[PDB]
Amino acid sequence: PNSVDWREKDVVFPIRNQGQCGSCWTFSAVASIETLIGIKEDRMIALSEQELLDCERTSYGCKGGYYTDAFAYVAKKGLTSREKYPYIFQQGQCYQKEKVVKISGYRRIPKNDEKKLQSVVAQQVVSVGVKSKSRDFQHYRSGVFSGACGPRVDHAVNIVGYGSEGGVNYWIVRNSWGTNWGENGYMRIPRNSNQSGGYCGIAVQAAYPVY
């Protein structure tokens, strides 16, 4: 398909805000699972970043983490709702509440494979990492981003679609910096860019949950 936008397909929840806590890996993992459940079951159910932040044991809480290992956690342990376990903007005691969703696993997209990346985005929402530590990235407001990226991949986000404006291909990227950043919380990043690994490294470590 020449264009994909899951925001228009009733399976993507509103933009959220992680605050200061480095919990973007939990938001990225939650966003990918929520959409998968929407596509697979025609059921929109908001899931708990907080459970991953408190309970996923390979990550570093508010000092970073792994959405791939978050996927493995949900496949083994299930995940409870956002309503049952709300986000409190800091790591706390790990609670195992009544779980509402599982997944069966996850997959890793090979490094720098934007072609395979597009194939997966046409079917579901994908977790990706970007180089977020730059003034240009933090102050992005609108358009297809063409500023400088950070030096290293350090921020978990999601790709929720792709398209083209004026013949410039782009990815639609969901962030967890609230709706005052970018285009109502989203960024359009160049697609098939001249940066190896994708623009701001978006294709370096892509992964997605398997129902």
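In case it trips you up, residue 1 is the first one in the sequence shown, and so on.
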property	result
Residue stretch of maximal mean CA temperature factor, 37 to 45 vs 181 to 189	37 to 45
Higher-B stretch (mean Cα B-factor, as the entry records it), 107 to 115 or 128 to 136	107 to 115
Deposited CA B-factor, highest of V168, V157, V30, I172	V168
For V120, the third of its chain into which the C-alpha B factor falls	middle
Chain-relative CA temperature factor third for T58	middle
For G150, the third of its chain into which the C-alpha B factor falls	highest
Modelled-residue ranking by C-alpha temperature factor, third containing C21	middle
Modelled-residue ranking by C-alpha temperature factor, third containing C200	highest
